[PDB]
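1. sequence first, structure after, both from an experimental entry:
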Amino acid sequence: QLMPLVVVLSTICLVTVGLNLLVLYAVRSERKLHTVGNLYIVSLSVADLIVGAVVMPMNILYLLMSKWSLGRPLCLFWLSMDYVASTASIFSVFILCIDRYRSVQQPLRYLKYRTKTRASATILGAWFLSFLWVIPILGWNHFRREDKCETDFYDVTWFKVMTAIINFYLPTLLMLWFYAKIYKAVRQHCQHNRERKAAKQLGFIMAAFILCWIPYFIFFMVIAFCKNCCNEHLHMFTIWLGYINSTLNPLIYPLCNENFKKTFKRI
Amino acid sequence: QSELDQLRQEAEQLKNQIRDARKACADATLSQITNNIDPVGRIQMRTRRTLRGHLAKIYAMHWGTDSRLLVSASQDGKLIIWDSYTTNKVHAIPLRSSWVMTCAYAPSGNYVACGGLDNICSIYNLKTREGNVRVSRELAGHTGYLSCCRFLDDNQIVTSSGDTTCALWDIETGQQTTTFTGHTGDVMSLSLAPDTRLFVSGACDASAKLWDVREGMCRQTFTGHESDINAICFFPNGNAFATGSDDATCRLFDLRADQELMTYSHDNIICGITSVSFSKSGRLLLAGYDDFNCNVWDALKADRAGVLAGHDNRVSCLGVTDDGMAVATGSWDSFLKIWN
Amino acid sequence: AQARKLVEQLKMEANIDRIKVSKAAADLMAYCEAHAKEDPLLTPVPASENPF
Amino acid sequence: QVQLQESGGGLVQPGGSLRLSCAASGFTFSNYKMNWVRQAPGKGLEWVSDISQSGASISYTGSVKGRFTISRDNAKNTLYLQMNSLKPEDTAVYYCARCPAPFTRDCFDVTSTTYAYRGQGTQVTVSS
Amino acid sequence: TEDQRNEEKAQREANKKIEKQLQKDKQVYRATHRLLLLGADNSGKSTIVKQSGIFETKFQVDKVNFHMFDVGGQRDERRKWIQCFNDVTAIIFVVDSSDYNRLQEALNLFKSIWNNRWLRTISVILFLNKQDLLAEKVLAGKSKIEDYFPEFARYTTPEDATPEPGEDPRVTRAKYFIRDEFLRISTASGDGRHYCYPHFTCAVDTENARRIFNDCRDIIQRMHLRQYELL
Ligand SMILES: NCCc1c[nH]cn1
C-alpha cells in the first residue's frame, strides 16, 4: 500500500511547508513581532521549512521508488540537508529554551544583554554547529549498495555515540534542568491550579521533543552497536518521527504568543 | 465677618443678574435652526501614514503651518519632527527632563517649544546657523507643571501651567510680560484665536475663560461641564470654541451670545475627552477619547458621523492641518496616525 | 479682599453686550455653508489632488 | 455650574446629635462618589467618610467610626451625615466634597487646600 | 528632477542617522528602571535616598541602574501630573509608622494610587520608615493605637510574623497591624497584575537599595512569565 503512504506523507509535507511559510510571513508583515524572542522562532521556522521542502519530498520519492534513483550526488546532498536541518531545529529549540531561562531567572541582568545582535550571533553559532554535519557526510572516507542512500559512518560505535550525546542527550538534559528551574520559579510565584498552565506548556514542549527524537537516537546508537542487523522500516519510522517533530514545531512556540495568534487570525 | 457676607450676597445677586441676562437672549437652540440643513453623511477616513519612532507614550503633537511638518513629544525624553508626506523624520531632540507634557510649533517654523513637570518652557531654534538644534531659551517663572504652550510670534509665547495661571512670555528677555490669573484649578489647555488678539483657556474647575492678551484681563467666563476640562479649541471664524472634559461630553460655546450652544454626548461613551479640533469649515468636530478611539461629530446637528479607530492605547493628542487636508492623532501606544 | 476681587471681576463680566443665540446660530451656519467647498475632510477630494 | 451647599448646625452640648445636609446641583449626582471632610481649628483638612454612587460601599474614619453615618438620596441630589455622641474634638468646619471624575473609585485631591469640587462648609461647634 | 532626487536622498540619509541613535536609546531605556518615590511631610522619604518641579536620583545595584523621581515642585492636587507615571517599574511609598494621627491619610492616598485607571498595573514597594520611634512610642504607652484604629484591640500578631530577636512582643503586634492595613487595601482589588512589597525600615537601615532590587526582580519576573503565558 505505497499510494496511501505517499498521499499521507505528501499531506504532512504540505502542512509543514504551509505552516512555516505562514509563520515567516506573519513575522515579516506584522511589525509588532520584531522582538528579540521571535528571532529564535524565525530560525526554527526556517529549519522546519528546509526540512519540509527539500528533505521530506526526496524521502517520499525514495520510499516510492524503493531505491535511490537520483544518484550519488543528490544522495549526498539530501543526506546533508536532512542532518543539517534536523540539527538546526534541535539547536534552535535549545537556544530558545536558554533565552527563556535567562529571561525568567535573571530578569534585570538579562534586560541589559538581550540585544538583537546577541540573538543573531547565537542563531548564527547554532546554525554553524549544525552545518558542521557536512564535514563527515562528504569526507568520511578521506579522513555500500547503489540502490540505498545512507552515510558512510552508520556503523561506527564511538562516532555515533558521541554524535547522539552531543546532538540530543546533552541538550535534552540541559533543557529539562532549565525548564525545571523555570517551573520552580512559576511555583514560587503561584504560592504568592495556577501551576496548571505552566506545567501543561512545559510538559507539552518537553514531551513533544523527547517522544519525537529519542526513538531516532536510540536507533542511531543501537545500529551503531549491532552493526547492520536492524531493519530499514524501523529506520524510516524513526526518521519520520523526527520529521513530524519539525511539522509540529510551528504549533507549539509561536501559537503560545498572543501577537502571533492575532496576526494569524488577521491573515 | 459682616462685610464678607455682604460682599458674598452682592456677588450672588450680581451672578443672578448675569444668568437672567443670558437667558433673556435665548430665542432658539442651534438644533432647532439646523433642522433645515442637509445631513453631513458618513465620514470614513483611513490611516494614510503611521509615524513610529517613539519609545514611550506620546503626550502632545502640533502641526506646522505648511500642513506637512509636525512635531511630537514623548515621555522618554524625545521631541521628533516628522515629514508627514514621506514619513521621514527630520529632527530628534533629546530633552533634559523626560516628563514633557506639551509641545508647540512656531507659526514661522523657526522654533519648537516644549515643557512638562520641570515647570519650564524650553525653546529650540530649529534653523540654527550650524544646522543643529539647541535650547534657545528656558522660561522658568512657573511654579507648577507646564500643560500647554502656543507661539504668538518668534518672540512671544503664551503658556499655561498647573499653578492655576497662564503667562505671556518675552523670549528675548525671558520674563513674563503679562500674567493671567483667575483660574482656581490647574489650567490644562489654551487655544489662540485666529486673529491672536485673545485666547480661551480651560482648567480643572469646569470653567473656561476668555483672556485679552493685550489687556491681560478675563473678558468672559463660560461655566459648563461637570468635571475637569482637558481640551479646548477655537472655531475657524473665531466667534466660538469647543471644550472636552472628563464628564464624557463636548460643548460648543459662543463668545457673542455668552451661552453654550451644543453638547456632543452619547449614552455609549462614559470616558473623558483628551483632545478636540475643528474642521477647516468648522462643520466637523473631532474629539479624542480615553477609550482608545476618536469620534467625528457634526458640529451643527450634534450627530456623530464617523469614528477613527486603530490605536492600542488612549488617544492623547489630535490636530488638523492648516489647509484642512489631514488630521493627526497621537496616542499612548507611541504611534501617530495621519487620516484623510 | 478676595471677595472684593471676585465681585469687581464679576461686575466687569456683567457689562458686556449679548446678541440673540439665533443670530449667533445663523452666523455659524453661514460660515460653514460658505466654506463647505474648501473642506477636504467634509467633502473627500479625488486621489489626484490628495497629498496623502 | 458645579456648586455644593451644606446646611448643618451650630452649637451643641457634648453627647448631642446633629444632621448635616449637602444640596448639590450642576452635575449628575448619581455618577459620583461623595466625601465628607472637615478642618479642625488650627489644623489641616482631613477625610471623615465617603459614600459610593449607589450607597453600597460606605467608609468612615477611625476616630468617628460608629458615631457618624453617611447616606445619600440620589433622587433628590442630597448628601447626609448623621453625627451622634459628639465629642469636644469634633468641633470643626465640615465640607461636602465631590470626587473629581465620574464612574471612578479613586478620589484624588479632595483634601487639598483648594479644591474646586468642594462646598463652602458648615461650622459644627460642641462645648458646655 | 536631479535636485528632487538629491533632496529625498538627504531626507532618507537623515532618517537613517536618527534611527541609529534611537536604537541606542531604546537599549538604555529598557535596561533602566524608573521609580516614583512619593510620601508625606513626616514620611522620612528623604532619608531613604542614600545616593525644581521634579527631583531625580540614580543608584546602581548589581550593575543595574535605577532612576527614582521625587515630585516636590507641584501643589497638593496630583490627579493630573500623576498620570505621567503609568509605565514606571514600581512606586516607592514611604509612610511614617509612628504617627497614628497622619496614618489614615496615608491609607487614603495608597487606596487612590492602587485603584487608579492609569496606575492599575503598577506595583508598590511600601516602606514603613520609622520603627525605632514606633517602638519607643509603644513602650512608653502614653499613646494608644486603639484611639485612632478601633480594631487594633482585637488584632493578634500573625503566625508568620518574624520579630527581630530581642524586641518587645507588644511592639511586634503594633508593627504588623500597621502593615496589615495597607495589605488589606492591596489585596481587596488587585487581580494579580500588581502586588505590594511591605518592608519595615529605620533611618539607620543601610540595606534598603537591596530590597528594591529584590522587589524589582519579582516585578519583572512576573511580567516575563506572563509574556510567555506561563502565568
Ligand atoms: N534526523 C535527521 C538525521 C540526523 C540529524 N542529526 C543526526 N541524525
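-> Noted; the coordinates are in hand. Numbering: from 1, shown residues only, chains lettered A, B, ... in the order given.
2. need the strands for chain E, in chain order.
-> All strands of chain E, identified by DSSP state E, fall at E:32-38, E:55-61, E:64-70, E:90-95, E:123-128, E:199-200.
3. beta partners of the residue nearest the centre of chain D?
-> Among the residues of chain D, the smallest C-alpha distance to the mean C-alpha position (CA atoms, centre = their mean) belongs to residue D:36, namely 2.2 Å. Applying DSSP bridges to residue D:36 gives these bridge partners: residue D:49, residue D:96.
4. can you give me the neighbour number for residue E:62?
-> Residue E:62: 10 surrounding residues under other CB atoms under 10 Å in any protein chain shown. Any C-beta I mention is one placed from the backbone N, CA and C, and that applies to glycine too.
5. measure the residue nearest to it when sequence neighbours are not counted to residue B:38 for me?
-> For residue E:62, ignoring the flanking residues on the chain, the nearest one in space by CB to CB, 6 or more residues apart in numbering or on different chains is residue E:213 at 6.3 Å. Remark: distance between residue E:213 and residue B:38 (CB to CB, to the nearest Å) = 66 Å.
6. neighbour count: the two, which is higher?
-> The residue with the greater number of neighbours, taking residue E:213 and residue B:38 and applying other CB under 10 Å, is residue E:213; the counts read 17 against 6.
7. got a list of what the more buried one touches?
-> With CB atoms under 8 Å, 6 or more residues apart in numbering or on different chains as the criterion, the residues that contact residue E:213 are A:108, E:61-62, E:64, E:66.
8. element containing the residue in the stretch 51-200 of chain A positioned nearest to the ligand?
-> Closest approach of the stretch 51-200 of chain A to the ligand (CB to the nearest ligand atom) occurs at residue A:86, with a separation of 3.6 Å. Taking DSSP states H and E as the criterion, residue A:86 maps to helix A:71-105.
9. and if you look at residue B:154?
-> Using DSSP H and E, residue B:154 falls within no helix or strand.
10. again, but for residue B:148
-> Using DSSP H and E, residue B:148 falls in strand B:146-151.
11. dump the contacts of residue E:213 to a markdown table, plus distance to residue B:47.
-> Converted to a markdown table, those look like this (distance: CB to CB, whole Å):
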| residue | distance to residue B:47 |
| --- | --- |
| A:108 | 37 |
| E:61 | 43 |
| E:62 | 44 |
| E:64 | 39 |
| E:66 | 38 |
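12. just the buried residues of the residues you listed.
-> The neighbour count (16 or more other CB atoms under 10 Å in any protein chain shown) marks A:108, E:61, E:64, E:66 as buried among the contacts of residue E:213.
13. nearest to chain C among the strands of chain E would be which one?
-> Ranking the strands of chain E by distance to chain C, with CB to the nearest CB as the measure, places strand E:32-38 first at 31.1 Å.
14. check whether the closest one contacts chain D.
-> No. Contact of strand E:32-38 with chain D (CB under 8 Å from any CB of the partner chain) is absent, the minimum separation being 12.0 Å.
15. just stretch B:185-193 next, same as before
-> Yes. Where contact is defined by CB under 8 Å from any CB, part of stretch B:185-193 touches chain D, namely residue B:185.
16. that stretch near chain E anywhere?
-> Yes. For stretch B:185-193 and chain E, the contact criterion (CB under 8 Å from any CB) is met by B:185-186, B:188.
17. just how off-centre is that stretch within its chain?
-> On the basis of CA atoms, centre = their mean, to the nearest Å, the separation between the geometric centre of stretch B:185-193 and that of its chain is 7 Å.
18. show residues contacting it.
-> B:144, B:147-148, B:150, B:152, B:158-166, B:199-205, B:228-234, B:238, B:241, D:114, D:116, E:77, E:80.
19. from the chain's centre, how far out does the longest helix seen in chain E sit?
-> Here the longest helix in chain E is taken by residue count, with DSSP state H as the criterion, and it is helix E:2-31. Averaged C-alpha coordinates place helix E:2-31 at 37 Å from its chain's average position (CA atoms, centre = their mean).
20. angle of it against strand E:64-70?
-> Between helix E:2-31 and strand E:64-70, the angle comes out at 90 degrees (axes from the mean of the first three to the mean of the last three CA atoms, to 10 degrees).
21. buried residues in helix E:2-31?
-> E:14-15, E:18, E:22, E:27, E:29, E:31.
22. and that helix, what does it pack onto?
-> Counting by 3 or more CB pairs under 8 Å, 6 or more residues apart in numbering or on different chains; DSSP states H and E, the packing neighbours recorded for helix E:2-31 are strand B:78-83, strand B:89-94.
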